[PDB]
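These notes concern the structure reproduced below.
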Amino acid sequence: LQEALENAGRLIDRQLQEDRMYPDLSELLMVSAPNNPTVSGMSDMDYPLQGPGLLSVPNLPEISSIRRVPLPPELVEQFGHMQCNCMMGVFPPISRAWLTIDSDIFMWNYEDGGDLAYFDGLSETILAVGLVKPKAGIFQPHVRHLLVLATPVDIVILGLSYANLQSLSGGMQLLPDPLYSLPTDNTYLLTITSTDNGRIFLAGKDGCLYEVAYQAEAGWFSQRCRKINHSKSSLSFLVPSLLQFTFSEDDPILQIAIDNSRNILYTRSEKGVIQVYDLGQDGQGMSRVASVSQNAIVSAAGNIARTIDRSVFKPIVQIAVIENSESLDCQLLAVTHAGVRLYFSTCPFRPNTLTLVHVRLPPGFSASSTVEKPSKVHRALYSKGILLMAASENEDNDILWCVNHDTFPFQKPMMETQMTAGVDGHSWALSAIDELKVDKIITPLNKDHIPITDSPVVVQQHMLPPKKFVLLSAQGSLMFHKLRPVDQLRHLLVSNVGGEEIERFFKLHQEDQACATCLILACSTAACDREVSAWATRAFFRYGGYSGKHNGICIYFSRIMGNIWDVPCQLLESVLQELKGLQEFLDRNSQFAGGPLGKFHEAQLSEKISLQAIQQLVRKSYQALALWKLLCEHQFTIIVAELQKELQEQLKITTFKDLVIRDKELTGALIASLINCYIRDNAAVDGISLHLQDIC
């Protein structure tokens with residue numbers, strides 16, 4: 001009654017819906033309850049340590065060091081000629097890193113260790129240089145980013161062009177900005193942020209929020225470059241510092257943070273005070289609506305009904321935004337000097353309130369031994385102190401700590417995928433994935449458009465490359481890359497190459513994600529690594545477990561179609577290759593694969609047909625993608641006035657659902673459009689034949 005392709009599209013849709021039933025971070029943290037156990041401790045965290053430089057990569061890390069770059073001879077020569085100030089940093093929007101010198105800014109790409117791009121026309125020292133989106137309507141379109149430099153005499157703006165040179169990386173060219181210099185104020189400036197539109201908010205050694213505007217004309221009512229104070233919170237109203245101690249008593253703002261999904265700004269001061277800012281509807285105004293000190297954060301923690309002053313004195317040393325895509329209520333992650341990850345909400349009374357709800361503490365595993373130690377588990381609230389919890393436990397060597405959400409433990413919503421990253425240098429900067437690598441778009445690393453399904457890296461394993469991360473040190477850049485379930489699991493497969501092993505996947509994967517990833521390892525890696533994929537084939541058949549094997553097949557197809565189902569040609573080709581290699585996997589596995597060859601009384605038939613529907617959907621998807629190639633072997637604007645414009649739109653709609661499971665009568669119409677247009681030379685007959693293999 002309903003055809004195999006229709007049915008197959010239903011199963012795929014249902015699989016999509018299931019993968020999209022992923023608990024949201026608010027539910028993942030059940031943030032409704034604010035109690036002490038809302039915060040989540042190390043008792044459920046394991047910290048695998050093997051040692052800096054061990055010749056065995058761990059088999060279950062979420063990050064892996066991939067490369068390092070030796071420092072350039074020239075940067076060091078002039079750098080070592082710096083007289084008064086040096087501030088280094090990373091610009092990951094442009095795959096470039098920075099360092100400051102007493103008088104001048106020179107830019108180089110760490111990926112190539114190419115020539116250094118030199119700018120030395122500043123006559124004053126630059127406290128820090130920000131990498132920001134440009135203001136619309138100012139620049140020639142080639143500008144992808146903007147340079148902001150602050151000097152004790154002026155603050156200067158330099159246009160930037162990142163056109164790729166001899167993608168590996170963007171080749172940078174700098175645009176001269178001859179008039180953009182102005183003092184901010186006697187206030188030092190240390191912290192730079194930018195929104196998606198490109199509004200620039202600035203805080204330095206004073207608890208004030210500057211915004212930098214630039215314009216060609218120097219004025220009587222406005223400086224040639226101008227800044228305005230967005231921190232109107234002092235006002236001096238009761239008795240904090242107006243008539244005693246002088247202006248604001250050392251209001252040492254340390255690091256800012258921006259939430260674009262509500263127009264929200266986060267602050268961390270050196271005293272830990274957090275303020276949340278919304279951008280009014282005017283798009284250039286910002287009004288402070290809350291002022292929350294660190295004392296308030298801690299008061300909240302003690303009010304969590306656990307002790308805080310026993311956890312005090314504790315400073316928060318870093319902040320990480322949590323977008324409303326990431327969490328409905330919870331707005332922010334904060335890091336203490338003890339490595340403590342504090343998760344904060346914010347809310348209006350009419351936000352007008354901010355609540356400390358949940359905290360992830362550093363591991364309970366002591367990374368004392370490099371060498372393997374027996375792991376341990378703690379159901380009880382397990383806690384450790386700054387002396388160990390501080391990632392910078394030693395003064396000479398920073399200790400990288402990397403942790404991602406544990407997508408599989410829907411039974412353990414507070415479980416995380418955990419690793420130990422050993423280095424030897426002092427870390428100076430790390431580009432927050434959520435902070436600057438997701439800058440172009442409003443959404444951060446994400447898997448859906450709502451908090452439910454925002455975190456499951458597992459679903460998007462094939463839709464975007466694994467997130468790579470650049471750690472800034474005083475000697476170079478080390479590249480750590482987020483590891484995927486398929487990657488970790490694959491190396492896990494590697495672990496039984498040289499054992500009772502699949503059961504660990506099962507304990508992780510509930511006999512379905514393991515099946516999905518195992519088919520991925522078999523199918524997707526077959527073109528890259530023959531034996532591991534073969535290991536997956538035998539393993540997938542023997543351990544695929546209606547059974548989890550077919551359902552994992554549903555997982556595979558649905559993830560292949562997650563961007564299309566409800567596209568750049570390279571991604572369409574990758575999808576076609578994925579489907580064709582999958583179809584090849586089963587077709588080349590009739591005897592080996594279960595279900596192609598003719599439980600046993602029926603169920604085996606049940607899987608045979610399941611496979612039949614799957615392969616029919618796969619083959620139709622291949623036909624549809626080839627047909628879309630034909631569509632780019634077709635036309636629409638020349639079609640505007642001879643083929644029934646309403647039908648023309650009918651024709652245009654050739655992507656949504658119908659493309660996978662419904663209606664190639666429209667495809668026959670497309671054939672006629674090709675039949676009449678004939679723009680391509682010696683292509684039609686082939687196009688018609690493609691259709692024949694598509695709809696015959």
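Chain identifiers are assigned as A, B, and so on, following the order in which chains appear in the structure tokens; residues are numbered from 1 within each chain, and ligands are numbered from 1 in order of appearance.
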9 Å contact set for range 374-377 of chain A, only C-alpha atoms, chain neighbours under 5 positions out, as a ChimeraX atom specification = /A:43-48,364-365
Identify, on the basis of only C-alpha atoms, every residue whose closest approach to residue 53 in chain A does not exceed 12 Å; exclude the query and any residue fewer than 2 positions from it along the same chain; express the result as a PyMOL selection string.
-> chain A and resi 49-51+55-58+64-65+370+420-424
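Minimum atom-to-atom distance to residue 331 in chain A, evaluated using only C-alpha atoms, belongs to A:263 out of A:394, A:589, A:263, A:193.
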Select from range 246-276 of chain A everything DSSP, run on the backbone, classes as strand (DSSP E or B), then give the selection as number ranges by chain.
-> A: 253-259, 264-269, 274
Prev. selection, C-alpha atoms, output as a PDB file, in the first residue's frame:
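Below you can see out.pdb, which holds the result:
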ATOM      1  CA  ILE A 253      37.708  43.335  34.891  1.00  0.00           C
ATOM      2  CA  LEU A 254      39.562  40.294  33.512  1.00  0.00           C
ATOM      3  CA  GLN A 255      37.737  38.493  30.682  1.00  0.00           C
ATOM      4  CA  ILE A 256      34.525  39.206  28.775  1.00  0.00           C
ATOM      5  CA  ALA A 257      32.219  36.738  26.909  1.00  0.00           C
ATOM      6  CA  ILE A 258      29.328  37.215  24.466  1.00  0.00           C
ATOM      7  CA  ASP A 259      26.058  35.312  23.993  1.00  0.00           C
ATOM      8  CA  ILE A 264      24.123  38.804  25.945  1.00  0.00           C
ATOM      9  CA  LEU A 265      27.534  39.818  27.286  1.00  0.00           C
ATOM     10  CA  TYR A 266      29.297  38.049  30.169  1.00  0.00           C
ATOM     11  CA  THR A 267      31.990  39.484  32.368  1.00  0.00           C
ATOM     12  CA  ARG A 268      34.583  38.083  34.717  1.00  0.00           C
ATOM     13  CA  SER A 269      36.533  40.609  36.726  1.00  0.00           C
ATOM     14  CA  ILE A 274      29.574  38.861  36.541  1.00  0.00           C
TER      15      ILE A 274
END
Nearest to residue 640 in chain A among A:677, A:478, A:4, A:519, with distances taken over only C-alpha atoms: which residue is it?
-> A:677
Excluding range 410-419 of chain A and any residue of its chain fewer than 5 positions from it, enumerate the residues within 6 Å of it, using only C-alpha atoms, and give them as a PyMOL selection string.
-> chain A and resi 28+47-48+61+402-405
Would you mind exporting the chosen residues as a PDB file, in the first residue's frame, restricted to N, CA and C atoms?
ATOM      1  N   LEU A  28      19.614  17.595  30.364  1.00  0.00           N
ATOM      2  CA  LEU A  28      20.829  16.821  30.609  1.00  0.00           C
ATOM      3  C   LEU A  28      21.359  17.109  31.995  1.00  0.00           C
ATOM      4  N   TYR A  47      39.898  10.348  35.054  1.00  0.00           N
ATOM      5  CA  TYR A  47      40.928  11.129  34.377  1.00  0.00           C
ATOM      6  C   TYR A  47      42.008  10.207  33.852  1.00  0.00           C
ATOM      7  N   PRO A  48      41.946   9.785  32.590  1.00  0.00           N
ATOM      8  CA  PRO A  48      43.001   8.903  32.070  1.00  0.00           C
ATOM      9  C   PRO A  48      44.295   9.661  31.837  1.00  0.00           C
ATOM     10  N   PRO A  61      40.358   9.162  24.187  1.00  0.00           N
ATOM     11  CA  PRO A  61      40.348  10.601  24.406  1.00  0.00           C
ATOM     12  C   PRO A  61      39.317  11.246  23.502  1.00  0.00           C
ATOM     13  N   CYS A 402      41.020  18.437  28.934  1.00  0.00           N
ATOM     14  CA  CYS A 402      40.026  18.482  27.873  1.00  0.00           C
ATOM     15  C   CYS A 402      38.849  17.582  28.212  1.00  0.00           C
ATOM     16  N   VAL A 403      37.633  18.102  28.048  1.00  0.00           N
ATOM     17  CA  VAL A 403      36.428  17.334  28.353  1.00  0.00           C
ATOM     18  C   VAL A 403      35.289  17.793  27.456  1.00  0.00           C
ATOM     19  N   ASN A 404      34.580  16.828  26.886  1.00  0.00           N
ATOM     20  CA  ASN A 404      33.388  17.043  26.087  1.00  0.00           C
ATOM     21  C   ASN A 404      32.212  16.333  26.744  1.00  0.00           C
ATOM     22  N   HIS A 405      31.001  16.745  26.375  1.00  0.00           N
ATOM     23  CA  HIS A 405      29.813  16.012  26.791  1.00  0.00           C
ATOM     24  C   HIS A 405      29.859  14.562  26.309  1.00  0.00           C
TER      25      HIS A 405
END
Which one of A:271, A:131, A:276, A:579 sits closest to residue 616 in chain A if you count only C-alpha atoms?
-> A:579
May I have the residues within 10 Å of residue 626 in chain A as a list in words, using only C-alpha atoms and disregarding those fewer than 2 positions away in the same chain?
->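 My list of contacting residues is residues 572, 573, 576, 620, 621, 622, 623, 624, 628, 629, 630, 631, 632, 633, 687, 690, 691 and 694 of chain A.
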Take the residues from that selection and write them out as a PDB file, in the first residue's frame, keeping N, CA and C atoms.
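File written: out_6.pdb
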ATOM      1  N   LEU A 572      27.150  16.841  -1.319  1.00  0.00           N
ATOM      2  CA  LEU A 572      26.283  15.901  -2.024  1.00  0.00           C
ATOM      3  C   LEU A 572      27.061  14.712  -2.564  1.00  0.00           C
ATOM      4  N   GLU A 573      28.239  14.961  -3.134  1.00  0.00           N
ATOM      5  CA  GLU A 573      29.093  13.872  -3.587  1.00  0.00           C
ATOM      6  C   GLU A 573      29.508  12.979  -2.434  1.00  0.00           C
ATOM      7  N   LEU A 576      26.587  10.836  -1.673  1.00  0.00           N
ATOM      8  CA  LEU A 576      26.455   9.794  -2.687  1.00  0.00           C
ATOM      9  C   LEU A 576      27.495   8.711  -2.490  1.00  0.00           C
ATOM     10  N   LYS A 620      17.794   4.910  -4.522  1.00  0.00           N
ATOM     11  CA  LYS A 620      17.004   6.068  -4.930  1.00  0.00           C
ATOM     12  C   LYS A 620      17.682   7.371  -4.544  1.00  0.00           C
ATOM     13  N   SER A 621      18.272   7.424  -3.352  1.00  0.00           N
ATOM     14  CA  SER A 621      18.999   8.615  -2.943  1.00  0.00           C
ATOM     15  C   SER A 621      20.153   8.883  -3.895  1.00  0.00           C
ATOM     16  N   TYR A 622      20.862   7.828  -4.299  1.00  0.00           N
ATOM     17  CA  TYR A 622      21.918   7.961  -5.300  1.00  0.00           C
ATOM     18  C   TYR A 622      21.342   8.531  -6.590  1.00  0.00           C
ATOM     19  N   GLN A 623      20.196   7.999  -7.021  1.00  0.00           N
ATOM     20  CA  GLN A 623      19.526   8.510  -8.212  1.00  0.00           C
ATOM     21  C   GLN A 623      19.161   9.973  -8.044  1.00  0.00           C
ATOM     22  N   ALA A 624      18.608  10.323  -6.889  1.00  0.00           N
ATOM     23  CA  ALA A 624      18.207  11.693  -6.605  1.00  0.00           C
ATOM     24  C   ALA A 624      19.393  12.644  -6.620  1.00  0.00           C
ATOM     25  N   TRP A 628      20.085  15.649  -9.044  1.00  0.00           N
ATOM     26  CA  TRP A 628      20.429  17.025  -8.678  1.00  0.00           C
ATOM     27  C   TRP A 628      21.653  17.517  -9.451  1.00  0.00           C
ATOM     28  N   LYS A 629      22.613  16.628  -9.696  1.00  0.00           N
ATOM     29  CA  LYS A 629      23.710  16.966 -10.599  1.00  0.00           C
ATOM     30  C   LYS A 629      23.162  17.320 -11.975  1.00  0.00           C
ATOM     31  N   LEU A 630      22.217  16.520 -12.457  1.00  0.00           N
ATOM     32  CA  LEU A 630      21.487  16.836 -13.677  1.00  0.00           C
ATOM     33  C   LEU A 630      20.778  18.186 -13.574  1.00  0.00           C
ATOM     34  N   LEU A 631      20.207  18.489 -12.416  1.00  0.00           N
ATOM     35  CA  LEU A 631      19.621  19.804 -12.203  1.00  0.00           C
ATOM     36  C   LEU A 631      20.657  20.897 -12.406  1.00  0.00           C
ATOM     37  N   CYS A 632      21.918  20.614 -12.078  1.00  0.00           N
ATOM     38  CA  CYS A 632      23.011  21.543 -12.368  1.00  0.00           C
ATOM     39  C   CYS A 632      23.545  21.270 -13.760  1.00  0.00           C
ATOM     40  N   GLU A 633      22.851  20.372 -14.424  1.00  0.00           N
ATOM     41  CA  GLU A 633      22.852  19.992 -15.826  1.00  0.00           C
ATOM     42  C   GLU A 633      21.461  20.320 -16.368  1.00  0.00           C
ATOM     43  N   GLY A 687      21.912  12.469 -20.097  1.00  0.00           N
ATOM     44  CA  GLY A 687      21.023  12.870 -19.025  1.00  0.00           C
ATOM     45  C   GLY A 687      19.767  12.032 -19.049  1.00  0.00           C
ATOM     46  N   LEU A 690      20.403   8.748 -17.683  1.00  0.00           N
ATOM     47  CA  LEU A 690      20.530   8.785 -16.233  1.00  0.00           C
ATOM     48  C   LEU A 690      19.156   8.696 -15.629  1.00  0.00           C
ATOM     49  N   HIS A 691      18.220   9.404 -16.223  1.00  0.00           N
ATOM     50  CA  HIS A 691      16.852   9.350 -15.753  1.00  0.00           C
ATOM     51  C   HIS A 691      16.321   7.938 -15.897  1.00  0.00           C
ATOM     52  N   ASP A 694      17.237   6.175 -13.322  1.00  0.00           N
ATOM     53  CA  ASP A 694      16.652   6.862 -12.191  1.00  0.00           C
ATOM     54  C   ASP A 694      15.180   6.500 -12.082  1.00  0.00           C
TER      55      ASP A 694
END
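CA of residue 668 in chain A lies 17.9 Å from CA of residue 680 in chain A.
When only C-alpha atoms are used to compute distances to residue 664 in chain A, the closest of the residues A:77, A:651, A:595, A:459 turns out to be A:651.
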Determine which residues of range 29-110 of chain A receive a DSSP assignment of helix (DSSP H, G or I), computed from the backbone, and state them as a list in words.
->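 So, restricting range 29-110 of chain A to helix (DSSP H, G or I), we get residues 36, 37, 38, 42, 43, 44, 73, 74, 75, 76, 77, 78, 79, 92, 93 and 94 of chain A.
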Can you tell me, as a ChimeraX atom specification, what residues are no more than 8 Å from residue 126 in chain A when counting only C-alpha atoms, ignoring any on the same chain fewer than 5 positions away?
-> /A:85,100-104,149-152
Go ahead and save the residues from that selection, with N, CA, C and O atoms, as a PDB file, in the first residue's frame.
ATOM      1  N   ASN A  85      56.804  45.767  26.203  1.00  0.00           N
ATOM      2  CA  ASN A  85      55.605  44.958  26.365  1.00  0.00           C
ATOM      3  C   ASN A  85      55.472  43.903  25.279  1.00  0.00           C
ATOM      4  O   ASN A  85      55.726  44.151  24.097  1.00  0.00           O
ATOM      5  N   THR A 100      52.842  40.140  21.012  1.00  0.00           N
ATOM      6  CA  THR A 100      53.055  41.578  21.019  1.00  0.00           C
ATOM      7  C   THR A 100      54.504  41.877  21.339  1.00  0.00           C
ATOM      8  O   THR A 100      55.182  41.123  22.031  1.00  0.00           O
ATOM      9  N   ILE A 101      54.895  43.044  20.848  1.00  0.00           N
ATOM     10  CA  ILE A 101      56.203  43.659  20.990  1.00  0.00           C
ATOM     11  C   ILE A 101      55.952  45.079  21.514  1.00  0.00           C
ATOM     12  O   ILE A 101      54.831  45.599  21.441  1.00  0.00           O
ATOM     13  N   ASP A 102      57.001  45.738  21.984  1.00  0.00           N
ATOM     14  CA  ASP A 102      56.821  47.064  22.557  1.00  0.00           C
ATOM     15  C   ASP A 102      56.245  48.068  21.563  1.00  0.00           C
ATOM     16  O   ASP A 102      55.363  48.851  21.920  1.00  0.00           O
ATOM     17  N   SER A 103      56.729  48.057  20.327  1.00  0.00           N
ATOM     18  CA  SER A 103      56.217  49.002  19.340  1.00  0.00           C
ATOM     19  C   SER A 103      55.922  48.472  17.933  1.00  0.00           C
ATOM     20  O   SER A 103      56.669  48.789  17.007  1.00  0.00           O
ATOM     21  N   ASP A 104      54.868  47.682  17.738  1.00  0.00           N
ATOM     22  CA  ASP A 104      54.603  47.258  16.366  1.00  0.00           C
ATOM     23  C   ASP A 104      53.799  45.968  16.339  1.00  0.00           C
ATOM     24  O   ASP A 104      53.878  45.162  17.268  1.00  0.00           O
ATOM     25  N   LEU A 149      43.915  47.519  17.843  1.00  0.00           N
ATOM     26  CA  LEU A 149      45.097  47.702  18.678  1.00  0.00           C
ATOM     27  C   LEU A 149      44.908  48.883  19.619  1.00  0.00           C
ATOM     28  O   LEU A 149      44.432  49.943  19.209  1.00  0.00           O
ATOM     29  N   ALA A 150      45.283  48.699  20.876  1.00  0.00           N
ATOM     30  CA  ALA A 150      45.163  49.732  21.892  1.00  0.00           C
ATOM     31  C   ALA A 150      46.557  50.184  22.291  1.00  0.00           C
ATOM     32  O   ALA A 150      47.396  49.353  22.629  1.00  0.00           O
ATOM     33  N   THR A 151      46.788  51.487  22.321  1.00  0.00           N
ATOM     34  CA  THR A 151      48.097  52.013  22.674  1.00  0.00           C
ATOM     35  C   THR A 151      47.950  53.113  23.711  1.00  0.00           C
ATOM     36  O   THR A 151      46.906  53.770  23.777  1.00  0.00           O
ATOM     37  N   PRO A 152      48.995  53.374  24.512  1.00  0.00           N
ATOM     38  CA  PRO A 152      48.873  54.401  25.560  1.00  0.00           C
ATOM     39  C   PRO A 152      48.599  55.784  25.023  1.00  0.00           C
ATOM     40  O   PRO A 152      48.342  56.700  25.814  1.00  0.00           O
TER      41      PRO A 152
END
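Note that the spacing between CA of residue 575 in chain A and CA of residue 666 in chain A amounts to 22.5 Å.
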Could you list, as a PDB file with C-alpha atoms, in the first residue's frame, every residue within 9 Å of range 659-663 of chain A, counting only C-alpha atoms and ignoring same-chain residues fewer than 5 positions away?
ATOM      1  CA  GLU A   3       5.959   1.819  -1.137  1.00  0.00           C
ATOM      2  CA  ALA A   4       9.363   0.673   0.052  1.00  0.00           C
ATOM      3  CA  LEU A   5      10.928   4.062  -0.566  1.00  0.00           C
ATOM      4  CA  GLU A   6       8.105   5.783   1.316  1.00  0.00           C
ATOM      5  CA  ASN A   7       8.476   3.321   4.144  1.00  0.00           C
ATOM      6  CA  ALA A   8      12.240   3.744   4.067  1.00  0.00           C
ATOM      7  CA  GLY A   9      11.864   7.487   4.261  1.00  0.00           C
ATOM      8  CA  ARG A  10       9.582   6.964   7.262  1.00  0.00           C
ATOM      9  CA  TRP A 565      16.152  15.328   4.610  1.00  0.00           C
ATOM     10  CA  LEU A 617      16.199   3.947  -0.390  1.00  0.00           C
ATOM     11  CA  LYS A 620      17.004   6.068  -4.930  1.00  0.00           C
ATOM     12  CA  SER A 621      18.999   8.615  -2.943  1.00  0.00           C
ATOM     13  CA  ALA A 624      18.207  11.693  -6.605  1.00  0.00           C
ATOM     14  CA  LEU A 625      21.689  13.111  -6.024  1.00  0.00           C
ATOM     15  CA  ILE A 653      10.865  22.427  -5.287  1.00  0.00           C
ATOM     16  CA  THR A 654      13.135  19.465  -5.849  1.00  0.00           C
TER      17      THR A 654
END
Using only C-alpha atoms, which of A:148, A:431, A:591, A:409 sits nearest residue 510 in chain A?
->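 Closest to residue 510 in chain A of all the choices is A:409.
Taking CA of residue 158 in chain A as the reference point, CA of residue 122 in chain A is found at 11.0 Å.
The nearest approach to residue 476 in chain A among the residues A:134, A:544, A:425, A:52, with only C-alpha atoms taken into account, belongs to A:425.
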